[PDB]
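Novice: Chains as they are written, first to last, in UniProt numbering: chain A, 4 to 83; chain B, 1 to 102; chain C, 4 to 156; chain D, 2 to 61; chain E, 1 to 130; chain F, 1 to 104; chain G, 2 to 112. Ideal placement from N, C-alpha and C gives every residue a C-beta, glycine not left out.
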Amino acid sequence: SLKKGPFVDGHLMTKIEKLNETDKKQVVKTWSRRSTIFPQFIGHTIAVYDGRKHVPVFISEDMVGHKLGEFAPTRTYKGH
Amino acid sequence: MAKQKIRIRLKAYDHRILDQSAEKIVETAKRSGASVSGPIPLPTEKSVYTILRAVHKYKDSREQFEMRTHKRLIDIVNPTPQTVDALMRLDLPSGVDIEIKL
Amino acid sequence: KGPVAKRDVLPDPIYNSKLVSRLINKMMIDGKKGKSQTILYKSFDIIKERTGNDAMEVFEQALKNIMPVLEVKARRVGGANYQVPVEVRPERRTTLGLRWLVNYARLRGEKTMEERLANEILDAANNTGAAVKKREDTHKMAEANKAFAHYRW
Amino acid sequence: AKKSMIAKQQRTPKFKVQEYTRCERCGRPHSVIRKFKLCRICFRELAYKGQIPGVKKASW
Amino acid sequence: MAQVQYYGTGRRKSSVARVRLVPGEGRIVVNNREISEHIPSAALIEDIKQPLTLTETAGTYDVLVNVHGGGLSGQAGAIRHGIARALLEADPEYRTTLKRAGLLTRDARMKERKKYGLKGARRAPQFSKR
Amino acid sequence: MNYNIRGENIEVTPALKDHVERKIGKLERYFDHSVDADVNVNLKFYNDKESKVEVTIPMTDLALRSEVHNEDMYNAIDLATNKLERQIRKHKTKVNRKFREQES
Amino acid sequence: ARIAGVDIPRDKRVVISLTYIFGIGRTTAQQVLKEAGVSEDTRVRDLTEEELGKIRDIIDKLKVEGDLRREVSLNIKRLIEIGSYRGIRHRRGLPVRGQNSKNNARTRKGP
RNA sequence: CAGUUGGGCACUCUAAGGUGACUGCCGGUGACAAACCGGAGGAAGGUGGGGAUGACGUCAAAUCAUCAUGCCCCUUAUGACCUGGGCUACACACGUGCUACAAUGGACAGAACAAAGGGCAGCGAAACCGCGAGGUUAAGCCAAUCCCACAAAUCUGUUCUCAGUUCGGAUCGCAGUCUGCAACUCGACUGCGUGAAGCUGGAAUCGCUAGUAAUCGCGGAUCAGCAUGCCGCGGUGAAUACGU
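1. Between the region 38–60 of chain E and chain C, which residues of the former have CB atoms less than 9 Å from a CB of the latter, in chain order?
2. Check whether the region 7–15 of chain F touches the region 94–113 of chain E, taking contact to mean three or more Cβ pairs, one atom from each stretch, closer than 8 Å.
3. Within the region 34–89 of chain B, note down every full alpha helix (DSSP H) run reaching 4 residues or more, in order along the chain.
4. Counting Cβ pairs, one atom from each stretch, are 3 or more of them under 8 Å apart for the region 75–94 of chain G and the region 28–36 of chain G?
5. Any beta carbon of chain F sitting closer than 7 Å to that of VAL89(C)?
6. On the criterion of 16 or more Cβ atoms from any shown chain inside 10 Å, does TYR46(F) qualify as buried, or is it exposed?
7. Against chain G, does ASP12(A) count as a neighbour if the rule is that its beta carbon must be under 7 Å from one of theirs?
8. Have a look at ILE81(G), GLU41(G), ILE56(G), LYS55(G) and flag the residue whose alpha-carbon is nearest the alpha-carbon of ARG93(G).
9. Does DSSP put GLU101(F) in a helix, a strand or coil?
10. Going by other Cβ atoms of all chains shown within 10 Å of its Cβ, with 16 needed for buried, is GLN32(G) buried or exposed?
11. Checking 7 Å against the spacing of the C-beta atoms, do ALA76(F) and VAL53(F) come in under that value?
12. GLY120(E) touches chain B at which residues, Cβ-Cβ below 8 Å?
13. Can you tell me where the beta strand (DSSP E) with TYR7(E) in it begins and where it stops?
14. Taking one C-beta from the region 71–78 of chain E and one from the region 15–33 of chain E each time, how about it: are there three or more such pairs within less than 8 Å?
15. Does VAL72(C) pass the burial test, meaning 16 or more other C-beta atoms within 10 Å, or should it be called exposed?
16. Between the region 94–107 of chain G and chain A, which residues of the former have CB atoms less than 7 Å from a CB of the latter, in chain order?
17. Hey, is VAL80(C)'s beta-carbon within less than 7 Å of any beta-carbon in chain F?
18. Against chain G, with Cβ distances strictly below 7 Å, would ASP65(A) count as a contact?
19. First and last residue of the alpha helix (DSSP H) that includes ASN66(E)?
20. Among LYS71(B), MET67(B), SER37(B), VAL36(B), which has the Cα closest to the Cα of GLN52(D)?
21. Quick one, which residues of the region 28–43 of chain C are near chain E if we go by CB-CB under 7 Å, in chain order?
22. Please classify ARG9(B): is it buried, with 16 or more other beta-carbons within 10 angstroms of its beta-carbon, or exposed?
23. Quick check: the Cα distance between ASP140(C) and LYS129(E), rounded to an integer number of angstroms?
24. Strictly under 7 Å for the Cβ-Cβ distance: is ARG68(B) near chain E by that measure?
25. Could you check the C-alpha separation between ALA65(C) and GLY55(C) for me, to the nearest Å?
26. Please tell me whether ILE40(A) and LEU71(A) are closer than 7 Å, where the distance is taken between their beta carbons.
27. Is DSSP giving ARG18(E) helix, strand or coil here?
28. Would you say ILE4(G) and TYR21(G) are within 7 Å of each other, going by their C-beta atoms?
29. Just reading off the alpha helix (DSSP H) that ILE35(E) is part of, what are its end residues?
30. Quick check: the region 69–80 of chain B against the region 20–33 of chain B, are there 3 or more CB pairs under 8 Å?
31. Between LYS9(D) and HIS31(D), what straight-line distance do the alpha-carbon atoms span, to the nearest angstrom?
32. Of the residues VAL41(F), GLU103(F), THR60(F), which one's Cα is nearest the Cα of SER51(F)?
33. Whole angstroms is fine: what's the gap from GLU64(A)'s alpha carbon to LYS27(A)'s?
34. Do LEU69(G) and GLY24(G) have their C-beta atoms within less than 7 Å of each other?
35. So for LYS11(B), helix, strand or coil by DSSP?
36. Give the DSSP-derived three-state secondary structure of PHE61(A) in the structure shown.
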């Protein structure tokens with residue numbers, strides 16, 4: 004993105020407006036990988052597509068703009 | 001100055017259709033008035049583009065097909081509106097491009 | 004295939020030099036002949052203005068003391084051969100002198116390879132040094148085996 | 002997978018940057034000529050048999 | 001309208017010049033730029049001036065050379081080749097010795113096209129030694 | 001650099017890797033010192049009971065290799081090594097020639 | 002030393018003198034040093050008793066050594082602690098900023 | 001200000017027909033023949049330079065994955081559809097290239113020289129904006145007219161001065177642009193910063209007979225983006241071939 008702007012997931016934007024709207028929902032799968040974490044979508048758990056199964060990622064406060072699919076591990080390590 | 005001269009430029013695949021077909025295209029310019037200009041020869045551009053001439057291996061042993069397409073031009077001087085509208089009776093060739101550019 | 008000879012060059016910029024025209028033909032490296040013409044003309048003004056004397060006499064005495072005579076032509080029956088004595092021909096004379104004076108003098112290490120190369124040719128003007136030391140070097144290796152490999156070729 | 006591969010490559014793309022070029026006579030990927038409208042093997046065989054003017058080759 | 005002098009257009013490596021040498025005094029600056037204005041200096045200007053220095057060495061008439069094409073040896077060598085041939089059109093008997101001092105033939109040494117799998121039309125492909 | 005071995009249609013068994021590796025240890029058991037030797041081997045008895053082997057050893061400044069067929073597939077390795085016998089003795093003798101003489 | 006930077010130049014070029022400290026470089030030294038107006042100038046060590054302090058105000062207003070190492074600490078240490086996709090290659094050993102792992106590897110692995 | 005514009009078709013250039021080089025001619029050498037040495041003349045001399053053109057056969061060489069096809073095997077899955085990932089991983093060895101290790105160099109200022117190809121689902125002029133990459137709108141070009149476009153090595157002055165540096169450039173951080181459904185695995189470009197290792201590379205190995213090597217740039221096929229590859233294009237302009 005360059006200027007307009009940070010590209011939200013859409014489906015993750017609906018789940019973030021809903022679960023971040025109220026009640027502070029618990030972590031489930033979220034098969035998207037496109038955008039980052041959001042301002043209001045913090046706190047939750049993204050069990051995003053690690054390729055085989057999910058991986059519980061924290062909705063932290065340090066990775067403000069960092070990619071929500073970047074927190075997961077892509078290729079199975081390590082290693083030799 | 002002059003008038004905006006009526007002359008159709010020719011485009012052809014090979015070079016003999018523009019030559020001979022430009023000849024009979026000057027045969028349309030003999031009648032219809034007068035002042036049919038001669039063979040203003042175009043730049044005669046080509047295209048050279050080669051592909052890998054093997055099935056799977058042999059990446060060095062390529063091959064280069066290249067097919068050029070350029071033809072001459074003709075622009076008449078004297079107006080002759082009856083022959084100018086009479087230029088639509090174009091009979092030849094099979095492969096040739098006529099377009100009255102005036 | 005036979006002896007297929009080569010062509011020479013025309014007269015130089017300053018002034019009408021021909022063997023020094025071959026000196027400019029060796030004077031460049033990597034094609035850009037303008038930089039070689041500049042460094043060569045700088046050697047001409049550096050050695051003809053500084054160290055007050057002429058130009059064609061100075062180069063004629065440097066390469067005139069640089070153009071060797073004998074040389075080492077290898078051979079053998081196999082292992083442990085004998086480096087035969089093989090004297091130079093004329094164009095091999097000027098070519099070998101251009102090789103020794105160029106490849107020795109441009110690798111000196113002064114402030115510039117142009118003025119420092121002129122200093123290497125000027126030290127070569129004393130009949131010794133880098134290029135004259137090489138002419139004595141090959142001139143000394145041959146005639147060390149000039150009593151055994153002489154009449155073989 | 003020639004039928005689903007070439008037939009799916011004939012269908013409508015997903016995004017606008019999804020439509021990738023296909024093979025002309027044989028639906029191969031990998032360098033179908035966009036200006037001659039044929040593949041490499043298709044341009045070679047169909048061009049040598051007579052397809053448009055013209056040959057091909059060996060200037061330059 | 002001027003004196004009957006050279007106008008001979010000849011090429012050398014894709015740089016054809018049009019030398020127009022009138023009855024003059026030795027002014028060789030073509031296309032509005034002098035020899036020290038077009039491409040200085042550089043002591044190869046003597047090589048681009050030698051062919052006028054050979055046709056009895058020399059006139060010297062004027063020099064007006066419209067040279068467009070090639071590079072340094074293209075524009076310069078085409079200028080000397082054009083004033084050499086058209087300079088052969090200056091004096092009618094100049095081709096006796098001027099035809100024997102070089103001064104013709106427009107060497108045409110342009111680049112060779114590399115084949116399918118060559119490096120630079122002389123650079124070989126590669127070697128996998130071992 | 002020495003002794004990489006791979007093979008299609010088959011395992012990369014260490015009782016095949018040391019089996020080829022000891023037997024190819026004869027040449028560098030015998031020569032001076034090299035760093036070389038990539039090996040290829042595969043096939044079976046799908047048709048006409050075969051096992052192609054082809055072992056290359058381009059170390060002594062000009063290449064040398066061989067090739068043989070068998071069904072037994074261990075007994076073609078021996079018939080690759082003793083193929084390399086003459087190629088590695090005739091690399092050294094042929095070149096180790098002392099027929100040199102001047103005026104005798 | 003020096004009167005402008007910590008471990009500043011001495012008897013050296015003015016643009017390279019501004020290109021000494023860990024953060025003061027060539028482009029920015031030409032920029033803010035160009036605002037001061039040196040250009041080497043005076044090319045060794047003599048700018049001014051009031052000009053070099055002009056590099057203390059114009060030269061002092063920017064940064065930063067400990068702030069560059071601290072921003073790097075919050076980057077490789079920030080993402081090294083807040084995740085991440087830049088951490089596993091930020092200290093994991095493999096190529097983080099993009100490369101081939103069978104590549105030259107003269108950033109992390111080597112040979 | 002501008003071949004730009006009345007004018008002009010001399011020159012250059014454009015592609016058709018031809019002409020021109022074929023041992024043609026002369027002196028010889030040579031068993032007269034074959035050829036070969038030398039010279040004139042010519043733009044060009046002994047198949048002018050280059051390309052296309054690859055003999056039967058060899059390697060059960062490469063390709064059932066460009067395509068087609070004998071058999072075997074699968075078929076409510078070895079088939080078909082979709083999201084994400086991978087093909088880009090990484091103790092390590094290679095293979096081919098790029099950029100360097102530097103003063104014939106490095107940074108700047110000014111000037112000069114090309115050829116070739118593409119451009120309508122496109123090229124994009126000028127103008128302003130942004131250091132910047134690029135943004136905005138928009139004349140023109142279906143293109144020997146217009147655009148891509150400015151060539152770069154090179155020449156003239158300042159300066160760095162022999163040192164891991166005012167060389168070189170990775171790595172990596174922050175900050176922007178463009179492309180796209182989306183640039184974190186995984187596009188490039190730009191800014192500021194950072195400044196690895198390298199001071200011409202072992203045994204060994206390579207390509208090269210002149211517009212060649214080497215070297216400096218440009219265009220294009222793929223292609224939304226993505227070149228240090230590939231294919232063409234021009235610029236600077238070498239040394240040597242004693243001989244088998």
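Specialist: Result, derived from the coordinates:
1. Using a CB distance below 9 Å, the part of the region 38–60 of chain E facing chain C consists of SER41, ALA42, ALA43, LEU44, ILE45, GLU46, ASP47, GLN50, ordered along the chain.
2. The region 7–15 of chain F makes no contact with the region 94–113 of chain E; the number of CB pairs closer than 8 Å stays below 3.
3. Counting only runs of at least 4 residues, the region 34–89 of chain B fully encloses the following alpha helix (DSSP H) elements, listed from N- to C-terminal order: 81–85.
4. Here the region 75–94 of chain G makes no contact with the region 28–36 of chain G; the two share fewer than three CB pairs at distances below 8 Å.
5. Interface residue (Cβ-Cβ distance to chain F less than 7 Å): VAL89(C) is not classified as such.
6. It is exposed - the Cβ of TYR46(F) has fewer than 16 other Cβ atoms within 10 Å.
7. With 7 Å as the cut-off, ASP12(A) does not count as an interface residue toward chain G.
8. Measuring C-alpha to C-alpha distances from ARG93(G) to each of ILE81(G), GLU41(G), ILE56(G), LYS55(G) identifies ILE81(G) as the nearest.
9. It is coil, neither helix nor strand.
10. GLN32(G) comes out exposed.
11. Yes. Within cutoff.
12. Contacts between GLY120(E) and chain B, judged by CB atoms closer than 8 Å, are missing: the closest CB pair is about 15 Å apart.
13. Here the beta strand (DSSP E) through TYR7(E) covers 6–10.
14. Yes, the region 71–78 of chain E touches the region 15–33 of chain E.
15. In this structure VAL72(C) is exposed. Its beta-carbon is surrounded by fewer than 16 other beta-carbon atoms within 10 angstroms.
16. In summary, no residue of the region 94–107 of chain G has a CB separated from any CB of chain A by less than 7 Å.
17. Yes, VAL80(C) lies at the interface with chain F (some Cβ there is under 7 Å from its Cβ).
18. Chain G contact via Cβ: present.
19. Taken as a continuous stretch (DSSP letters only), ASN66(E) belongs to no alpha helix (DSSP H), being part of the beta strand (DSSP E) at 64–69.
20. When only C-alpha atoms are compared, the closest one is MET67(B).
21. Of all residues in the region 28–43 of chain C, those with a C-beta nearer than 7 Å to a C-beta of chain E are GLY37, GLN40, reading in chain order.
22. Burial of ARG9(B) is indicated by the presence of at least 16 other C-beta atoms within 10 angstroms of its C-beta.
23. Here the C-alpha atom of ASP140(C) lies approximately 36 Å from the C-alpha atom of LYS129(E).
24. Taking Cβ atoms only, chain E never reaches closer than 7 Å to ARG68(B), which makes this a no.
25. Between the alpha carbons of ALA65(C) and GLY55(C) lies a distance of about 15 Å.
26. Yes, the pair counts as a contact, with Cβ atoms nearer than the cut-off.
27. Assigned with DSSP and collapsed to three states, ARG18(E) falls in strand.
28. No, these two residues do not count as a Cβ contact at 7 Å.
29. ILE35(E) -> alpha helix (DSSP H) spans 35–38.
30. Contact holds: three or more Cβ-Cβ distances are below 8 Å.
31. Approximately 16 Å, taken between the alpha carbons.
32. Nearest in C-alpha terms to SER51(F), of all of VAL41(F), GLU103(F), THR60(F), is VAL41(F).
33. Rounded to whole angstroms, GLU64(A) to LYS27(A) spans 16 Å at the Cα level.
34. Cβ atoms of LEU69(G) and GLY24(G): closer than 7 Å.
35. Strand at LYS11(B).
36. In the displayed model, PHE61(A) falls within a strand according to three-state DSSP.
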